[PDB]
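Okay, so here's the structure we're looking at.
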Amino acid sequence: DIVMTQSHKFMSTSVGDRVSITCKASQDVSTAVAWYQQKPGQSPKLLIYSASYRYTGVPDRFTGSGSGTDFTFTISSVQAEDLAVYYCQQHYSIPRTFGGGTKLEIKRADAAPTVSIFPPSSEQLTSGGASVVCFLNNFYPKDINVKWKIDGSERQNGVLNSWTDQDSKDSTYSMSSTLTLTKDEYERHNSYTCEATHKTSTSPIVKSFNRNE
Amino acid sequence: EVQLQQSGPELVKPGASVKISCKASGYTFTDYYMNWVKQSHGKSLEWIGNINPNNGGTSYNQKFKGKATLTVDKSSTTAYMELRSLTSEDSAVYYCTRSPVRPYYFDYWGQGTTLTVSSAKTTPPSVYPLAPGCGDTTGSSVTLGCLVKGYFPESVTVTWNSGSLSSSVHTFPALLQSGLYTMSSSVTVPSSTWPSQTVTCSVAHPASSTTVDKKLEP
(Lines give C-alpha, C1' and ligand atoms only; values in the text may rest on other atoms or scores of the structure.)
Protein backbone atom coordinates (compact mmCIF):
# COMPACT_ATOMS: atom_id res chain seq x y z
CA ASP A 1 0.00 0.00 0.00
CA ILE A 2 1.02 3.57 -0.55
CA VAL A 3 1.48 5.26 2.77
CA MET A 4 0.44 8.88 3.04
CA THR A 5 2.17 10.41 6.02
CA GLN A 6 0.95 13.55 7.73
CA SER A 7 3.67 13.68 10.31
CA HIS A 8 1.91 16.48 12.23
CA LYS A 9 -1.21 15.32 13.94
CA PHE A 10 -1.84 18.87 15.02
CA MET A 11 -1.02 22.27 13.65
CA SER A 12 -1.70 25.51 15.47
CA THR A 13 -2.61 28.63 13.60
CA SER A 14 -4.47 31.85 14.23
CA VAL A 15 -7.42 33.27 12.35
CA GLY A 16 -6.12 35.24 9.39
CA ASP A 17 -2.86 33.32 9.31
CA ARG A 18 -1.57 31.06 6.58
CA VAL A 19 -1.20 27.44 7.53
CA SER A 20 0.30 24.66 5.49
CA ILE A 21 -0.28 21.00 6.19
CA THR A 22 2.19 18.56 4.74
CA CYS A 23 1.65 15.05 3.42
CA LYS A 24 4.35 12.69 2.20
CA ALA A 25 3.61 9.72 -0.03
CA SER A 26 5.68 6.62 0.45
CA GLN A 27 6.16 6.47 -3.30
CA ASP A 28 5.61 8.62 -6.34
CA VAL A 29 1.89 9.34 -6.73
CA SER A 30 2.33 12.04 -9.34
CA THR A 31 -0.49 14.46 -8.55
CA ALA A 32 -3.13 11.86 -7.65
CA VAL A 33 -3.58 13.46 -4.24
CA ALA A 34 -6.73 14.87 -2.74
CA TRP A 35 -7.24 16.80 0.45
CA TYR A 36 -10.27 16.49 2.65
CA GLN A 37 -11.50 18.56 5.52
CA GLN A 38 -13.40 16.81 8.26
CA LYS A 39 -15.04 19.03 10.77
CA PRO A 40 -16.04 17.58 14.13
CA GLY A 41 -18.99 15.25 13.77
CA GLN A 42 -19.09 15.70 10.00
CA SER A 43 -18.29 13.69 6.97
CA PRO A 44 -15.09 14.52 5.13
CA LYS A 45 -15.35 17.23 2.56
CA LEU A 46 -13.24 17.23 -0.55
CA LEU A 47 -11.30 20.44 -0.94
CA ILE A 48 -8.37 19.78 -3.25
CA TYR A 49 -7.90 17.10 -5.87
CA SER A 50 -5.13 16.31 -8.32
CA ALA A 51 -2.81 17.93 -5.76
CA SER A 52 -3.60 21.53 -6.62
CA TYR A 53 -7.15 21.85 -7.99
CA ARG A 54 -9.96 23.21 -5.89
CA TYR A 55 -13.11 21.19 -5.96
CA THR A 56 -16.31 22.97 -6.90
CA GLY A 57 -17.35 25.62 -4.46
CA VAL A 58 -14.18 25.40 -2.41
CA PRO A 59 -13.04 28.85 -1.23
CA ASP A 60 -9.96 30.39 -2.82
CA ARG A 61 -8.12 30.38 0.50
CA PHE A 62 -7.64 26.63 0.12
CA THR A 63 -4.83 25.54 -2.13
CA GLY A 64 -2.75 22.47 -2.65
CA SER A 65 0.61 21.95 -4.18
CA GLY A 66 3.13 19.27 -4.82
CA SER A 67 3.89 16.41 -7.13
CA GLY A 68 5.54 13.06 -6.66
CA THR A 69 5.73 12.43 -2.92
CA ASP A 70 5.59 15.77 -1.06
CA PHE A 71 2.25 17.50 -0.92
CA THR A 72 1.10 20.60 0.85
CA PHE A 73 -2.36 21.82 1.62
CA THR A 74 -2.52 25.48 2.47
CA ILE A 75 -5.15 27.69 3.99
CA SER A 76 -3.99 31.14 3.06
CA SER A 77 -6.11 32.99 5.64
CA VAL A 78 -7.48 30.72 8.31
CA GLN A 79 -11.02 31.15 9.53
CA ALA A 80 -12.38 29.76 12.77
CA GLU A 81 -14.68 27.57 10.73
CA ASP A 82 -11.63 25.81 9.31
CA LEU A 83 -11.18 23.97 12.57
CA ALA A 84 -11.07 20.46 11.21
CA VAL A 85 -8.93 17.47 10.56
CA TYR A 86 -7.36 17.67 7.14
CA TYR A 87 -6.52 14.46 5.36
CA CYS A 88 -4.47 13.85 2.29
CA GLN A 89 -5.41 10.91 0.15
CA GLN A 90 -3.73 9.27 -2.78
CA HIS A 91 -5.92 8.05 -5.62
CA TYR A 92 -2.91 6.72 -7.48
CA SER A 93 -3.24 3.06 -6.65
CA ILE A 94 -5.44 0.55 -4.91
CA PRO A 95 -6.07 0.59 -2.05
CA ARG A 96 -6.81 4.22 -1.79
CA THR A 97 -5.09 5.48 1.28
CA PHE A 98 -5.39 8.46 3.51
CA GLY A 99 -2.96 10.39 5.61
CA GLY A 100 -3.41 10.12 9.35
CA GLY A 101 -4.92 13.56 9.46
CA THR A 102 -3.78 16.89 10.75
CA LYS A 103 -6.03 18.69 13.18
CA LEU A 104 -6.01 22.44 12.92
CA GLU A 105 -5.97 24.09 16.29
CA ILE A 106 -6.70 27.76 16.40
CA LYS A 107 -4.82 29.95 18.81
CA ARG A 108 -6.97 32.86 19.86
CA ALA A 109 -6.75 35.17 22.81
CA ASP A 110 -7.54 33.94 26.27
CA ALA A 111 -11.16 34.02 27.27
CA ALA A 112 -12.60 33.44 30.67
CA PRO A 113 -15.33 30.84 31.02
CA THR A 114 -18.93 31.71 31.59
CA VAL A 115 -19.80 29.41 34.44
CA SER A 116 -23.30 28.12 35.08
CA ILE A 117 -24.25 25.71 37.82
CA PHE A 118 -27.39 23.65 37.80
CA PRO A 119 -28.94 21.75 40.67
CA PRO A 120 -30.37 18.31 40.00
CA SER A 121 -33.74 18.39 38.31
CA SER A 122 -36.81 17.26 40.18
CA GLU A 123 -37.08 14.42 37.67
CA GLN A 124 -33.65 13.05 38.46
CA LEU A 125 -34.18 13.38 42.20
CA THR A 126 -37.36 11.35 41.78
CA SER A 127 -35.12 8.63 40.33
CA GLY A 128 -32.91 8.79 43.41
CA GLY A 129 -30.09 10.36 41.44
CA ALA A 130 -28.57 13.81 41.81
CA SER A 131 -26.36 15.23 39.08
CA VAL A 132 -25.07 18.74 39.71
CA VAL A 133 -23.70 20.18 36.54
CA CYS A 134 -21.47 23.11 35.87
CA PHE A 135 -21.06 24.47 32.36
CA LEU A 136 -17.81 26.33 31.74
CA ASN A 137 -18.52 27.88 28.42
CA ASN A 138 -16.49 29.69 25.79
CA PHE A 139 -13.07 29.80 27.34
CA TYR A 140 -9.60 29.66 25.93
CA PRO A 141 -7.17 27.99 26.33
CA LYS A 142 -8.53 24.50 26.92
CA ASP A 143 -6.70 23.97 30.21
CA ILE A 144 -9.07 24.57 33.05
CA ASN A 145 -9.55 23.25 36.55
CA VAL A 146 -12.97 22.61 38.03
CA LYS A 147 -13.26 22.04 41.74
CA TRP A 148 -16.51 20.92 43.30
CA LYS A 149 -17.21 21.88 46.89
CA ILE A 150 -20.09 20.48 48.92
CA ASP A 151 -20.74 22.51 52.05
CA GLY A 152 -17.33 24.09 51.56
CA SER A 153 -15.57 20.71 51.30
CA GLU A 154 -13.84 19.73 48.07
CA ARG A 155 -15.64 16.84 46.37
CA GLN A 156 -13.57 14.85 43.89
CA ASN A 157 -15.48 11.59 43.46
CA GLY A 158 -18.30 11.30 40.98
CA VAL A 159 -17.11 14.25 38.88
CA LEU A 160 -16.97 13.80 35.12
CA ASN A 161 -15.66 16.50 32.85
CA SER A 162 -16.30 16.75 29.15
CA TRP A 163 -14.67 19.28 26.86
CA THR A 164 -16.06 20.34 23.53
CA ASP A 165 -13.85 20.68 20.51
CA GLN A 166 -12.88 24.22 19.68
CA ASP A 167 -15.84 26.26 18.63
CA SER A 168 -16.03 26.71 14.89
CA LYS A 169 -17.17 30.30 15.39
CA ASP A 170 -14.98 31.69 18.16
CA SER A 171 -12.40 28.94 18.70
CA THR A 172 -13.20 28.68 22.36
CA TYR A 173 -13.72 25.60 24.38
CA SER A 174 -16.55 24.72 26.63
CA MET A 175 -16.67 22.02 29.20
CA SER A 176 -19.29 20.39 31.35
CA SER A 177 -18.48 19.17 34.80
CA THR A 178 -21.07 16.86 36.26
CA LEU A 179 -21.03 15.82 39.89
CA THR A 180 -23.19 12.74 40.18
CA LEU A 181 -24.43 11.88 43.66
CA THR A 182 -27.14 9.67 44.98
CA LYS A 183 -30.26 11.61 45.90
CA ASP A 184 -29.69 10.64 49.50
CA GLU A 185 -26.18 12.09 49.48
CA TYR A 186 -27.21 15.25 47.66
CA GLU A 187 -29.90 15.93 50.24
CA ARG A 188 -27.44 15.44 53.11
CA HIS A 189 -25.76 18.71 52.09
CA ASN A 190 -26.80 22.27 51.28
CA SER A 191 -24.21 24.28 49.37
CA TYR A 192 -22.94 23.06 46.01
CA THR A 193 -20.12 24.94 44.34
CA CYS A 194 -18.14 24.53 41.18
CA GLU A 195 -15.00 26.62 41.10
CA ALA A 196 -13.46 27.24 37.72
CA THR A 197 -9.77 28.04 37.76
CA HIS A 198 -8.47 29.26 34.45
CA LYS A 199 -5.39 31.22 33.48
CA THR A 200 -7.52 34.28 32.65
CA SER A 201 -7.72 35.06 36.38
CA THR A 202 -6.03 34.24 39.65
CA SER A 203 -9.49 34.34 41.21
CA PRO A 204 -11.58 31.21 40.61
CA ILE A 205 -14.94 31.77 39.04
CA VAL A 206 -17.29 30.40 41.68
CA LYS A 207 -20.86 29.36 41.03
CA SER A 208 -22.97 28.02 43.84
CA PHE A 209 -26.42 27.19 45.00
CA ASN A 210 -27.87 26.20 48.31
CA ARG A 211 -30.25 23.27 48.14
CA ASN A 212 -32.52 25.17 50.56
CA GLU A 213 -32.91 28.30 48.38
CA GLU B 1 -28.29 18.03 -5.43
CA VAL B 2 -26.22 14.90 -4.87
CA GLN B 3 -27.18 13.05 -1.72
CA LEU B 4 -25.73 9.87 -0.29
CA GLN B 5 -28.14 8.83 2.44
CA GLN B 6 -26.79 6.10 4.63
CA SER B 7 -28.80 3.80 6.82
CA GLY B 8 -29.02 4.61 10.47
CA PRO B 9 -26.80 3.59 13.34
CA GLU B 10 -26.28 -0.10 13.98
CA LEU B 11 -25.82 -1.94 17.23
CA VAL B 12 -24.83 -5.51 16.45
CA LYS B 13 -23.65 -8.27 18.66
CA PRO B 14 -20.16 -9.66 18.15
CA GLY B 15 -20.02 -12.38 15.56
CA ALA B 16 -23.00 -10.95 13.74
CA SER B 17 -23.05 -9.30 10.38
CA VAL B 18 -24.49 -5.99 9.39
CA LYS B 19 -25.45 -4.54 6.06
CA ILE B 20 -25.27 -0.80 5.75
CA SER B 21 -26.84 0.96 2.85
CA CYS B 22 -26.11 4.13 0.96
CA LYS B 23 -28.99 5.51 -1.09
CA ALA B 24 -27.59 7.71 -3.82
CA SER B 25 -29.70 10.39 -5.39
CA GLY B 26 -29.20 13.49 -7.47
CA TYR B 27 -26.85 12.00 -10.05
CA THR B 28 -26.45 9.19 -12.55
CA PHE B 29 -25.78 6.36 -10.12
CA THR B 30 -23.91 4.24 -12.66
CA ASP B 31 -21.48 7.02 -13.61
CA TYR B 32 -19.64 6.94 -10.28
CA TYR B 33 -18.01 4.34 -8.14
CA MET B 34 -19.32 3.88 -4.66
CA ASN B 35 -16.64 3.61 -2.04
CA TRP B 36 -16.82 2.66 1.56
CA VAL B 37 -14.59 4.17 4.18
CA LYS B 38 -14.12 3.21 7.77
CA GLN B 39 -13.31 5.70 10.44
CA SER B 40 -12.71 4.35 13.88
CA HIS B 41 -13.27 6.84 16.64
CA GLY B 42 -10.46 9.35 16.74
CA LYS B 43 -8.69 7.68 13.83
CA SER B 44 -8.15 8.34 10.19
CA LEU B 45 -10.10 7.28 7.15
CA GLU B 46 -9.58 3.79 5.82
CA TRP B 47 -10.75 2.87 2.35
CA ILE B 48 -12.57 -0.45 2.40
CA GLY B 49 -13.27 -0.89 -1.26
CA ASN B 50 -15.40 0.29 -4.08
CA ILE B 51 -18.06 -1.05 -6.36
CA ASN B 52 -18.80 -0.10 -9.91
CA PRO B 53 -22.60 0.28 -9.95
CA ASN B 54 -22.61 -0.30 -13.68
CA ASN B 55 -21.53 -3.97 -13.42
CA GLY B 56 -21.16 -4.75 -9.72
CA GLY B 57 -17.41 -5.04 -10.07
CA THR B 58 -15.68 -4.60 -6.75
CA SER B 59 -12.20 -3.66 -5.66
CA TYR B 60 -11.31 -4.27 -2.05
CA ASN B 61 -8.68 -3.18 0.30
CA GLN B 62 -7.11 -6.56 0.96
CA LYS B 63 -7.42 -5.83 4.68
CA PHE B 64 -11.20 -5.96 4.31
CA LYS B 65 -11.54 -8.87 1.90
CA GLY B 66 -14.02 -11.37 3.31
CA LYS B 67 -14.77 -8.86 6.08
CA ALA B 68 -16.67 -6.46 3.83
CA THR B 69 -18.87 -7.33 0.90
CA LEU B 70 -19.91 -4.51 -1.38
CA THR B 71 -23.05 -4.82 -3.43
CA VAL B 72 -25.20 -2.43 -5.34
CA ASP B 73 -28.85 -2.30 -6.34
CA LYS B 74 -28.82 -0.23 -9.53
CA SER B 75 -32.61 -0.02 -9.64
CA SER B 76 -32.74 1.61 -6.21
CA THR B 77 -29.41 3.46 -6.68
CA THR B 78 -28.34 2.01 -3.39
CA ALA B 79 -24.95 0.69 -2.46
CA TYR B 80 -24.53 -1.76 0.37
CA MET B 81 -21.69 -2.87 2.51
CA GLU B 82 -22.06 -6.04 4.50
CA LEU B 83 -19.60 -6.37 7.36
CA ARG B 84 -19.32 -9.83 8.85
CA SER B 85 -17.70 -11.56 11.79
CA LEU B 86 -18.13 -8.40 13.76
CA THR B 87 -16.12 -7.48 16.80
CA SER B 88 -15.66 -4.27 18.68
CA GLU B 89 -12.71 -3.61 16.35
CA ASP B 90 -15.35 -2.95 13.72
CA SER B 91 -17.08 -0.34 15.82
CA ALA B 92 -16.56 2.76 13.75
CA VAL B 93 -18.26 5.18 11.48
CA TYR B 94 -18.60 3.87 7.96
CA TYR B 95 -19.03 6.25 5.08
CA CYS B 96 -20.09 5.65 1.58
CA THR B 97 -18.56 8.10 -0.79
CA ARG B 98 -18.75 8.58 -4.48
CA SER B 99 -15.82 8.71 -6.83
CA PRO B 100 -15.90 9.49 -10.56
CA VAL B 101 -14.05 7.40 -13.06
CA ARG B 102 -12.03 10.58 -13.48
CA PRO B 103 -10.77 12.73 -11.85
CA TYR B 104 -9.72 10.76 -8.85
CA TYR B 105 -11.34 11.70 -5.53
CA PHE B 106 -14.21 11.17 -3.14
CA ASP B 107 -16.42 14.11 -3.81
CA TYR B 108 -19.72 13.27 -2.14
CA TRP B 109 -19.96 11.44 1.13
CA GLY B 110 -22.75 9.92 3.06
CA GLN B 111 -23.41 11.19 6.53
CA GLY B 112 -21.80 8.08 7.91
CA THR B 113 -23.26 5.11 9.71
CA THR B 114 -22.14 4.46 13.26
CA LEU B 115 -21.64 0.80 13.94
CA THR B 116 -21.39 -0.33 17.54
CA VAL B 117 -20.45 -3.95 18.01
CA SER B 118 -21.41 -4.87 21.52
CA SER B 119 -23.37 -7.40 23.49
CA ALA B 120 -24.73 -4.56 25.59
CA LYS B 121 -28.41 -3.80 25.57
CA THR B 122 -29.95 -0.64 24.20
CA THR B 123 -30.58 1.71 27.10
CA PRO B 124 -32.53 4.90 26.42
CA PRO B 125 -31.24 8.06 28.07
CA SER B 126 -32.70 9.69 31.10
CA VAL B 127 -33.13 13.30 30.04
CA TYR B 128 -33.00 15.94 32.72
CA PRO B 129 -33.45 19.67 32.23
CA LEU B 130 -30.75 21.96 33.49
CA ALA B 131 -32.42 25.20 34.50
CA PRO B 132 -30.90 27.82 36.81
CA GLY B 133 -31.64 27.45 40.49
CA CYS B 134 -34.01 30.00 41.97
CA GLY B 135 -31.01 31.77 43.51
CA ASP B 136 -29.26 32.55 40.22
CA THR B 137 -28.84 36.15 39.06
CA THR B 138 -30.26 37.00 35.64
CA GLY B 139 -27.66 38.36 33.24
CA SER B 140 -28.00 39.41 29.63
CA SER B 141 -28.04 35.76 28.56
CA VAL B 142 -29.09 32.55 30.26
CA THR B 143 -27.55 29.15 29.84
CA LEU B 144 -29.92 26.21 29.90
CA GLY B 145 -29.06 22.64 29.35
CA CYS B 146 -30.22 19.12 29.12
CA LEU B 147 -28.42 16.29 30.81
CA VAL B 148 -28.66 13.10 28.79
CA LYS B 149 -27.70 10.33 31.13
CA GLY B 150 -27.11 6.64 30.99
CA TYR B 151 -27.74 5.61 27.42
CA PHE B 152 -26.35 3.10 25.05
CA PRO B 153 -25.32 2.94 22.26
CA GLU B 154 -23.77 6.29 21.71
CA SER B 155 -25.81 7.91 18.98
CA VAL B 156 -27.90 10.72 20.50
CA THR B 157 -29.08 14.02 19.12
CA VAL B 158 -30.15 17.00 21.16
CA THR B 159 -32.10 19.65 19.31
CA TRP B 160 -33.09 22.91 20.93
CA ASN B 161 -36.39 24.40 19.71
CA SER B 162 -36.40 22.22 16.59
CA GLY B 163 -32.97 23.51 15.62
CA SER B 164 -33.96 27.19 15.79
CA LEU B 165 -31.29 27.48 18.48
CA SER B 166 -28.09 25.87 17.24
CA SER B 167 -25.69 28.83 17.07
CA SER B 168 -25.87 29.11 20.88
CA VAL B 169 -25.56 25.41 21.61
CA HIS B 170 -22.74 23.42 23.12
CA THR B 171 -22.81 19.70 22.75
CA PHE B 172 -20.59 18.09 25.28
CA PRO B 173 -19.03 14.86 24.08
CA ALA B 174 -20.48 11.81 25.71
CA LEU B 175 -18.49 10.07 28.39
CA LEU B 176 -18.73 6.34 28.87
CA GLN B 177 -19.19 5.33 32.51
CA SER B 178 -20.19 1.85 33.65
CA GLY B 179 -21.09 0.87 30.13
CA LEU B 180 -23.43 3.83 29.66
CA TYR B 181 -22.94 7.13 27.97
CA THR B 182 -23.76 10.49 29.44
CA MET B 183 -23.67 13.76 27.60
CA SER B 184 -25.08 17.16 28.08
CA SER B 185 -26.04 19.99 25.86
CA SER B 186 -26.23 23.67 26.74
CA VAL B 187 -27.98 26.49 25.02
CA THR B 188 -27.42 30.14 25.76
CA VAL B 189 -30.23 32.53 24.89
CA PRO B 190 -30.84 36.16 25.78
CA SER B 191 -32.50 36.40 29.16
CA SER B 192 -35.12 38.54 27.43
CA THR B 193 -36.21 35.41 25.53
CA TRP B 194 -36.37 32.89 28.38
CA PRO B 195 -38.46 31.98 30.26
CA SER B 196 -40.74 34.43 28.43
CA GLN B 197 -40.46 32.09 25.44
CA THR B 198 -40.33 28.33 25.55
CA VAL B 199 -36.96 26.65 25.27
CA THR B 200 -37.15 22.92 24.74
CA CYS B 201 -34.46 20.34 24.33
CA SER B 202 -35.50 17.32 22.30
CA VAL B 203 -33.26 14.32 22.85
CA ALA B 204 -33.40 11.61 20.22
CA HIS B 205 -31.78 8.24 20.88
CA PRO B 206 -32.20 6.37 17.59
CA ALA B 207 -31.22 2.98 18.94
CA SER B 208 -34.16 3.00 21.37
CA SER B 209 -36.31 5.14 19.05
CA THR B 210 -36.83 7.40 22.08
CA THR B 211 -37.40 11.12 21.96
CA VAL B 212 -37.60 12.99 25.25
CA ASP B 213 -38.50 16.68 25.16
CA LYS B 214 -37.84 18.82 28.19
CA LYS B 215 -39.33 22.28 28.32
CA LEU B 216 -36.86 24.26 30.42
CA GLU B 217 -38.76 25.78 33.37
CA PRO B 218 -37.54 28.21 36.02
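Numbering starts fresh at 1 for the residues of each chain in the C-alpha coordinates, the chains themselves are lettered A, B, ... in the order given, and ligands are numbered from 1 as they appear.
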
Residues of chain A at most 6 Å from chain B: nearest atom pair and distance in Å, only C-alpha atoms, as a tab-separated table:
residue	atom	partner	partner_atom	distance
A:43	CA	B:111	CA	5.7
A:46	CA	B:107	CA	5.5
A:91	CA	B:104	CA	5.7
A:95	CA	B:61	CA	5.1
A:96	CA	B:47	CA	5.9
A:100	CA	B:44	CA	5.1
A:118	CA	B:132	CA	5.5
A:162	CA	B:172	CA	5.9
A:164	CA	B:172	CA	5.4

Serialized selection, N, CA and C atoms, as a CSV table (one decimal), in the first residue's frame:
chain,number,residue,atom,x,y,z
A,43,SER,N,-18.9,14.5,8.0
A,43,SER,CA,-18.3,13.7,7.0
A,43,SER,C,-17.1,14.5,6.4
A,46,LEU,N,-14.3,17.1,0.4
A,46,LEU,CA,-13.2,17.2,-0.6
A,46,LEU,C,-12.9,18.7,-0.8
A,91,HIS,N,-5.0,8.8,-4.8
A,91,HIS,CA,-5.9,8.1,-5.6
A,91,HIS,C,-5.1,7.4,-6.8
A,95,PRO,N,-4.9,-0.1,-2.6
A,95,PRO,CA,-6.1,0.6,-2.0
A,95,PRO,C,-5.8,2.1,-2.0
A,96,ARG,N,-6.9,2.8,-2.1
A,96,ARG,CA,-6.8,4.2,-1.8
A,96,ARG,C,-6.4,4.3,-0.3
A,100,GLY,N,-2.9,10.3,8.0
A,100,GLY,CA,-3.4,10.1,9.3
A,100,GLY,C,-4.2,11.3,9.8
A,118,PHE,N,-26.0,24.1,37.9
A,118,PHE,CA,-27.4,23.7,37.8
A,118,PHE,C,-27.6,22.6,38.9
A,162,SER,N,-16.3,17.0,30.6
A,162,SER,CA,-16.3,16.8,29.1
A,162,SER,C,-16.0,18.1,28.5
A,164,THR,N,-15.8,20.3,24.9
A,164,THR,CA,-16.1,20.3,23.5
A,164,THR,C,-14.8,20.4,22.7

Next item on the list: Can you check which residues of segment 115-158 of chain B DSSP gives as strand (DSSP E) on the backbone and send them as a ChimeraX atom specification?
Entry: /B:115-117,126-130,141-151,157-158

Item checked: Neighbour list for residue 9 of chain B as a PyMOL selection string, cut-off 7 Å, only C-alpha atoms, skip fewer than 3 positions in-chain -> chain B and resi 113-115

Next item on the list: Measuring atom to atom with only C-alpha atoms, identify which of A:26, A:116, A:178, A:6 is nearest to residue 209 of chain A.
Entry: A:116

Check: From the set A:52, A:34, A:76, A:186, which residue has the shortest atom-to-atom contact distance to residue 14 of chain A, counting only C-alpha atoms?
Finding: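 Nearest to residue 14 of chain A: A:76.
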
Check: Distance atom CA of residue 5 of chain B-atom CA of residue 2 of chain A, one decimal place?
Finding: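 Atom-to-atom, atom CA of residue 5 of chain B to atom CA of residue 2 of chain A, that is 29.8 Å.
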
Note to self: Neighbouring residues of residue 78 of chain A were defined as those with any atom within 7 Å, considering only C-alpha atoms; residues of the same chain fewer than 5 positions away were excluded. Please report them as a list in words.
What the structure shows: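 In the requested format, the answer is residues 14, 15, 16, 17 and 18 of chain A.
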
Next item on the list: Just the residues within 12 Å of residue 25 of chain B, please, counting only C-alpha atoms, with nothing from its chain fewer than 3 positions along; format it as a ChimeraX atom specification.
Entry: /B:1-6,22,28-30,32,74-79,98,108-110

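Taking atom CA of residue 100 of chain B and atom CA of residue 55 of chain A as the two end points, the separation is 12.9 Å.
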
Note to self: When you count only C-alpha atoms, which of these residues is closest to residue 119 of chain B: B:66, B:139, B:218, B:179?
What the structure shows: B:179
